Amino acid sequence: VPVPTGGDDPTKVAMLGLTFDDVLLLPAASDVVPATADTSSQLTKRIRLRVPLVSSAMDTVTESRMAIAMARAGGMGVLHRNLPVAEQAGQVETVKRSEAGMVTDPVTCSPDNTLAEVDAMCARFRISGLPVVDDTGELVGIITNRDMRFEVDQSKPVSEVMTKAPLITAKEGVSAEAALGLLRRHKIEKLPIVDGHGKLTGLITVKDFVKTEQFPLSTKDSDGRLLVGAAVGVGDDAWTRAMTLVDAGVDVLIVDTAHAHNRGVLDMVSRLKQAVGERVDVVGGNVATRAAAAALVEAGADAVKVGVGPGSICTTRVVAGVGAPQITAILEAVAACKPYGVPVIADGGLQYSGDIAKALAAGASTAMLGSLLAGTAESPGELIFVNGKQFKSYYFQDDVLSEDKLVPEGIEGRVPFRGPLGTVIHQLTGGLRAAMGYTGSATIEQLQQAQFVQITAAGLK
Amino acid sequence: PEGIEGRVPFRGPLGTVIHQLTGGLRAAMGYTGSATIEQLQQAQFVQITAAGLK
Amino acid sequence: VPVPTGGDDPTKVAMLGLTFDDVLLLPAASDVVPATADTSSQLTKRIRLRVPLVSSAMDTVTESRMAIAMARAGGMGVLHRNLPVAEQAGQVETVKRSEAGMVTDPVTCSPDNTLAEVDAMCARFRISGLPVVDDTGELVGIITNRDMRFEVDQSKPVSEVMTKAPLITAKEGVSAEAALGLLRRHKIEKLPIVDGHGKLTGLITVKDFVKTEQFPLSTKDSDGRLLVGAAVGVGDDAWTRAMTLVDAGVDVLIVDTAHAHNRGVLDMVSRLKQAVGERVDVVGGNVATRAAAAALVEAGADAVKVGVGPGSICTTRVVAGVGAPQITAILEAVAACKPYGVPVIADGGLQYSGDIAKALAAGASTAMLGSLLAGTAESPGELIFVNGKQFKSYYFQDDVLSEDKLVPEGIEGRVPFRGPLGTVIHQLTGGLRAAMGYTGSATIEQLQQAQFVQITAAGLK
Amino acid sequence: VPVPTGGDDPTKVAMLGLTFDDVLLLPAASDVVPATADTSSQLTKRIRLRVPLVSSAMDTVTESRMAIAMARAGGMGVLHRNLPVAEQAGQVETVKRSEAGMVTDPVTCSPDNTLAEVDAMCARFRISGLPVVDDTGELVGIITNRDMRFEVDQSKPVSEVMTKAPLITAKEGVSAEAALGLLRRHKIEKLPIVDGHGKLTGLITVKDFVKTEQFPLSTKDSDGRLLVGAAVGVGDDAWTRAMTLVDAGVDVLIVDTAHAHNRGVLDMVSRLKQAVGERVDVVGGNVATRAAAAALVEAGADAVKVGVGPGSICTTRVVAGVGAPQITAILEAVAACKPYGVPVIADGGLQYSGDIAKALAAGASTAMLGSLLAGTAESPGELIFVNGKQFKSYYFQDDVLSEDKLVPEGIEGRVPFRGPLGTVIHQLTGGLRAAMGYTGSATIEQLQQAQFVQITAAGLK
Ligand SMILES: Nc1nc2c(ncn2[C@@H]2O[C@H](COP(=O)(O)OP(=O)(O)OP(=O)(O)O)[C@@H](O)[C@H]2O)c(=O)[nH]1
Ligand SMILES: Nc1nc2c(ncn2[C@@H]2O[C@H](COP(=O)(O)OP(=O)(O)OP(=O)(O)O)[C@@H](O)[C@H]2O)c(=O)[nH]1
Ligand SMILES: Nc1nc2c(ncn2[C@@H]2O[C@H](COP(=O)(O)OP(=O)(O)OP(=O)(O)O)[C@@H](O)[C@H]2O)c(=O)[nH]1
Ligand SMILES: Nc1ncnc2c1ncn2[C@@H]1O[C@H](COP(=O)(O)OP(=O)(O)OP(=O)(O)O)[C@@H](O)[C@H]1O
Ligand SMILES: Nc1ncnc2c1ncn2[C@@H]1O[C@H](COP(=O)(O)OP(=O)(O)OP(=O)(O)O)[C@@H](O)[C@H]1O
Ligand SMILES: Nc1ncnc2c1ncn2[C@@H]1O[C@H](COP(=O)(O)OP(=O)(O)OP(=O)(O)O)[C@@H](O)[C@H]1O
Ligand SMILES: [Mg+2]
Ligand SMILES: [Mg+2]
Ligand SMILES: [Mg+2]
Ligand SMILES: [Mg+2]
Ligand SMILES: [Mg+2]
Ligand SMILES: [Mg+2]
């Protein structure tokens, strides 16, 4: 009748929880070469990444710069929501406008504006070339960086400096090969695209072709723009934030909570899925059990994020006594999500590339990276020297169960510097490809079927 | 054994200590869905290994 | 012919400078008991302190609270100038209004004010009871804290709560004994003072008598208000600041510069001396040589402050290569100041109470305390607990040679907590009295005649 | 005109003070073997020690046990005064009654005393045998430990247990050889000494002869009793204490103050010298200058104790800024005391046996040992074990300038254990004999003529 660990209830201690340090991947029969392993995996039901890594929605990790770098490297970034709605939507617009096959609404000016006004617009949009349109809206010329750098009078009007028409233009529906051929034939960097009446419709640049050459792994939509995601909370303010982010062109909305097994979180996920589910993917917040993941799947989540107090010395574990070891949490959530084709994102507790391999082997489809990217060059903050060491120096946060609530008030800052993001991503992908080679996994979907060996405490000495 | 014990370190006012402890308890109640202490007495544990203490 | 340290110029290495660690006070014939030694000393030519200690004009040391505490303990506080002119003059007013023989400009309300507005006035001025005057100027009542505390409705007019006239009042020129006898006979705390016409002219409180009995060492003017000093820089902004501070009732102005051997500083000292010299005393900034002290005396300074890079690992020493050991600097400055009766304030480099005694024995009249007071309860800042330890948390600074120009941009704060100011002052004064007993110095002027023994490096191991 | 270290006064810095670490003894022409070096020296004008060492009058160093052990080793002990007058006089009596050539007031019982009363008297006086006298005063027998150890009945009277007369006795003034021969012939440990009437006058024991053989270097008066010293302060309580101690049989009185250059201390020395000078020697308290030593010599002191803040990190140096390096202080005091034949006792700053040699070579006649003896088994306290280590666990103090007035309240205790006193004394005397061998000094008076070499800071690395 009694339980060996105490009491008369055998379900009081429901499980033994394994963390990353408890397991190792077993070698298996392999013809897979590490350099030829396919590391592509599903982020949501509709979005597939070339590198199964996403950066966290933390204010020390992902802003527009980190999102652009992650999308270029084959992953994706999730923009944090610790800021006003308009500023977050502006960061989304910055990421979506970084590059494209064709600029659909290019920034234009008028012949009357002074060169200082064009300078201000160039600074505001971080571009250097503008087509010029009059009151009638007809294309009259183009003013670029070459014209302006050779003019001292900043009060001159555009008409006196601009390259007047006829310009090298192209018609709507022009092929990329033909557009690039025109650009190289005339030795120009810009090519406006016009309709049948001669009105401006778009702009094609050489720099977009060069960027496509330089970053062949980029995560992009059908228009050639980088994909980005953004985090929202729960409540009416979160609804307005989500609608603004959807207008700005976000691709993924992550309902980001510390404890998603809540009726409010599930209702928010269902509401967003009904409202904008045709366009954007909705990802459910952090869960750690099978029942919570099943509830999120029932609510219509396109992916389930897993982890609740996954770190060993975690503040949730110390202050509230609440946690779930991450390997067991991933196994339990995958048991609920896999029959419906809903991907799992492992969020938290990753220290090494081996942990990424173990998390993918346990069943997750992607890993979300936090502290591993906090000190990179692309992360927010300014780079400063202190005692010969390099560091990175820097209303919302409405989650009642978030760790910032549990921690006492104080000061934190001066995260260390870690170098460029590309080297970190290269090292992590190298570890993952080595694991795929050892396990004989040609794809991530095959890696999700690999076996573990459980090790004892002596194996960690 | 016979000896000397003394000089306990100072810890501040009692109110902040009680506030911190009750805040942690309320966070646990929110995580487990326990509206009262009697419901908190029905919550489940997960046992962790030694690697969970490092 | 060549100098043994190199070169041919024997004045290239001008002197050997002694710091505090190099010297000790020699015991001499003594009949002085440490408890009956007289530690009074001149701060300026006209101001004598019971305890020869002054707090530094640093934004982590002296604000109104520290100034009040220092003046009550027998010293004085100098308010820092790292703040707007209005805020500094307001802190001057806060110190001057802490206590007096008779409040000569009492705060009054009108019979039509409401209890919320009277409560707001009490909040603004940190008082609790107001006399009431009508548009005629006649005293018709008084409303104090007992009247307000029992009234739940804060919208009631004063005329419905106030104690109506006739009140317990007294004529101008009443002796203190008579006023206290009236206050005790009628068992009240406040006594309005009116002229022959019954128009309100002042107020006398029991709290002032209690404060006078409680702090018998207080530094006070002829009106019984606490003395205070403030720091000013150089320039036109400094002139406006100095005039404002004089209007607010400051008693000492300190032209506080890192390098006072400069025409600008000398001209500022002369200007203040000619403008406001009959009311306030003017103290010249930091010098380290005989010639600079002589220049300040010729300019007309009432006291001379001494110390330029006086600490061993000072930032001025490391970054600029400039400094002066403090014992030698004090000796050189006193050689210029003593024949004219100008007191010397030793600023910087003090670590222990023995150093205070040594500074006074070298010829200084007062010591200025910085870091030794930064962590006390009366210094600016809020008290917090960080990891089991107690810490104190927290356009101007236009001095071209100040240390903040030399230290790189960075972060500072969280000074350690050090307890109440009274215990620190007690310990320092006890050390000074012990030194006076050892050297046979009944007064500070006799301590200024004591002899030193120079010790070697082995005596510092 | 200017002094190179500052100011115009060349006497402001009077001297350069040498400590022990600043000097070494230079080897000189020698024919002295360390084993045959004579280490005897004068403590006062009338007392010569075989080992020139005295233990400090500290409550952690010298009580009756330490004083007895020191006097047996050839030095002397000074009983501390941090205790009631009766208890210090009792400790003086304990030391003086430890051994003698002949016991002059032997403890006696009466035939009607029970065995329990005799046991109580034995424990009180720490003896084991008693002569028995009647009301007539005739010696009626003797009861020793042998008689009592075989008695089960504690309630019996002495007359039934004692060895009845006739006893083996001797006449007054019997020689040492005759008394010891009579003791050995009858195989007894005790020999009463009687007068012409046969009334008891004294007692001779074999244990005293054995002690004289066992400790041949003992410091003794003419009666064969060990010498002891005791400290007094200043005041009328101190005068009463001094008179009580002189009655108890003290040999040296030390007016023990932190600063003896005081009229109170000098007048106390003169008073004691005039009242009890012919019986006991008076030693003057701590000085550090030639003038103070000259004043003590004029007051009539028989020895002068030297040292005021001699330790490098002494509390007097840190808190009051007062001190004097010990080598220079000894040289200065000897310059005043030697022409008058007054010995100098060096007190404080001694860490090694080499320091003892340096202090004697500087001119001192004896060294006072403080912290070097606090851990020894003979020092007061109880030996205990804590964490595998051995430690020694433990109204007055009117000296206004003492270190305990300077140090804040807190916890001091648990001095570490250091072993038996004899080993420490042996090590120190071996060092001193090696120094005498190197310098060619046959006596301490020749060692006082040895030369020093001053070393630089590089010699201490
Ligand atoms: N000119 C322009 N570029 C835009 C606009 N919106 C986004 N972009 C992107 O900005 C990049 C072009 O920036 P520009 O500064 O104009 O570059 P460029 O002068 O053509 O090229 P470089 O001389 O190689 O820098 C391309 O990747 C465009 O897709 C827009 O309105 N105008
Ligand atoms: N009432 C009053 N006190 C003033 C004013 N300005 C300065 N003070 C000082 O503030 C103190 C009186 O403050 P209150 O709290 O009003 O005095 P109280 O009610 O008599 O004092 P308690 O003993 O605290 O009840 C005295 O030291 C006054 O000298 C003023 O305008 N009104
Ligand atoms: N018997 C005795 N000894 C005294 C007295 N006062 C001091 N002493 C000293 O104490 C020692 C003798 O102590 P006892 O215990 O009687 O010695 P004992 O029994 O002869 O000696 P052992 O048996 O060898 O220990 C000698 O050193 C005496 O000088 C006294 O009143 N009586
Ligand atoms: N489509 C076009 N038709 C005609 N002239 C053009 C066109 N695009 C650019 N120009 C003109 O050609 C010149 C070079 O412009 P281009 O866009 O090639 O580079 P740029 O941004 O001006 O130069 P850079 O990036 O080297 O500073 C400018 O004088 C510009 O006005
Ligand atoms: N001079 C005065 N003449 C008449 N009434 C007075 C006078 N001073 C005070 N009172 C009245 O006496 C009462 C007690 O006020 P008092 O100033 O003595 O203390 P309080 O500051 O109001 O209260 P407490 O200090 O005890 O909290 C009040 O009702 C007040 O209006
Ligand atoms: N002078 C004496 N004449 C005669 N008998 C004596 C004399 N002194 C001691 N005795 C006795 O001789 C016996 C031996 O005593 P002794 O003094 O030799 O040693 P003790 O101190 O009694 O014993 P222990 O052997 O423990 O030291 C005792 O019975 C004692 O009473
Ligand atoms: Mg360009
Ligand atoms: Mg270019
Ligand atoms: Mg009141
Ligand atoms: Mg009151
Ligand atoms: Mg015996
Ligand atoms: Mg025996």
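Every number in this text was worked out from the coordinates using simple rules, so none of it is lab data. Backbone-built Cβ (ideal geometry, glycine too); neighbour counts: all protein chains shown.
According to the Cα-based calculation, Rg over Rh for the range D:211-287 is 1.06, with Rh computed by the Kirkwood formula.
Radius of gyration over Kirkwood radius for the range D:45-154, both on Cα atoms: the Rg/Rh ratio is 1.09.
When +1 charges are put on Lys and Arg Cβ atoms and -1 charges on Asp and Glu Cβ atoms, the dipole computed for chain C relative to its Cα centre reaches about 1140 debye. Near the amide H of D:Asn113, within less than 5 Å, lie the amide hydrogens of D:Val158, all on another chain or at least 5 residues away, with H placed in the peptide plane. I need the fraction of alpha carbon pairs in the range C:30-90 separated by more than 19 Å, rounded to a whole percent. The share of Cα pairs beyond 19 Å in the range C:30-90 comes to 42 percent. Computed from backbone phi with θ = phi - 60° and the Karplus coefficients 6.51, -1.76 and 1.60, the 3J(HN,Hα) list for the range A:196-206 is x, 8, x, 8, 6, 10, x, 8, 10, 10, 5 Hz; x is used for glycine and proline. When D:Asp147, C:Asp281, C:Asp237 are arranged by Cβ crowding within 10 Å, least crowded first, meaning fewest neighbours, the order is C:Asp237, D:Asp147, C:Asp281.
For the range A:191-350, the share of alpha carbon pairs falling in successive 5 Å distance bins from zero is 2, 8, 15, 16, 14, 13, 11, 7, 5, 4, 2, 1, 1, 0 percent. Summing Cβ point charges (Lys, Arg +1; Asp, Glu -1) relative to the Cα centre of the range A:325-455 gives a dipole of roughly 540 debye. Across the range B:13-29, coupling constants 3J(HN,Hα) worked out from phi with the 6.51/-1.76/1.60 Karplus curve, θ = phi - 60°, read x, 5, x, 5, 5, 5, 5, 4, 4, 5, x, x, 5, 5, 4, 4, 5 Hz, and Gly and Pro carry x. What is the percent of Cα-Cα separations in the range D:132-180 that go past 13 Å? I get 66 percent for the Cα pairs in the range D:132-180 exceeding 13 Å.
Here is the size of the protein assembly as shown from its Cα atoms: Rg then Dmax, 46.0, 158 Å.
Per-residue Karplus couplings for the range D:305-322, computed as 6.51 cos²θ - 1.76 cosθ + 1.60 with θ equal to phi - 60°, are listed in order as 9, 10, x, 9, x, x, x, 5, 10, 3, 5, 4, 6, 7, 8, 9, x, 10 Hz, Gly and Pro entered as x.
Rounded to the nearest whole angstrom, the semi-axes of the ellipsoid equivalent to the range D:87-212, taken from the Cα gyration tensor as √(5λ), stand at 22, 19, 14, largest first. Separation of the range D:1-28 and the range A:14-53 by C-alpha centroid, Å? The range D:1-28 and the range A:14-53 have Cα centres spaced 78 Å from each other.
Net charge within 11 Å of C:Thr376 by Cβ-Cβ distance, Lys/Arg positive one each and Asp/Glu negative one each, not counting C:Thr376 itself? Around C:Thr376, the charge tally is +2. Based on alpha-carbon atoms, the Kirkwood radius and the radius of gyration of the range A:407-446 give Rg/Rh equal to 1.31.
Evaluated on the range A:346-406, the Kirkwood hydrodynamic radius is 14.5 Å, with distances taken between all distinct Cα atoms.
Taking Cβ atoms as reference points and 15 Å as the exclusive limit, the residues near C:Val415 contribute a net charge of -1, counting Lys and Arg as +1 and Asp and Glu as -1.
In this structure the amide hydrogen of D:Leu369, modeled in the peptide plane, comes within under 5 Å of the amide hydrogens of D:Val54, D:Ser55, D:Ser56, none closer than 5 places in sequence on its chain. Kirkwood-type hydrodynamic radius, the range C:330-454: 17.1 Å, calculated from all non-identical alpha-carbon pairs. Shielding by partners for peptide A:11-19, expressed as the average number of C-beta atoms from other protein chains within 10 Å of each residue's C-beta, is 4. Computed on the Cα atoms alone, the convex hull of chain B gives a volume of 221 cubic angstrom per residue. By DSSP, the beta bridges lying fully in the protein assembly as shown are antiparallel in about 45 percent of cases. With a cut-off of 13 Å between beta carbons, the residues surrounding A:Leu406 carry a summed charge of -1, where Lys and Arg count +1 and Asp and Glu -1. Legend: P(r) of the range D:157-220 from all alpha carbon pair distances, 10 Å bins from 0, whole percents, reading 19, 45, 28, 8, 0. The mean of 1/r over all pairs of different alpha-carbon atoms in chain D, once inverted, gives a Kirkwood hydrodynamic radius of 24.5 Å. For C:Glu378, nonlocal amide neighbours, meaning residues 5 or more places apart or on other chains whose placed amide H falls under 5 Å from its own, are C:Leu421. Overall shape of the range C:265-403 was characterised from the C-alpha gyration tensor. The equivalent ellipsoid obtained from it has semi-axes of 29, 19, 16 Å, in decreasing order.
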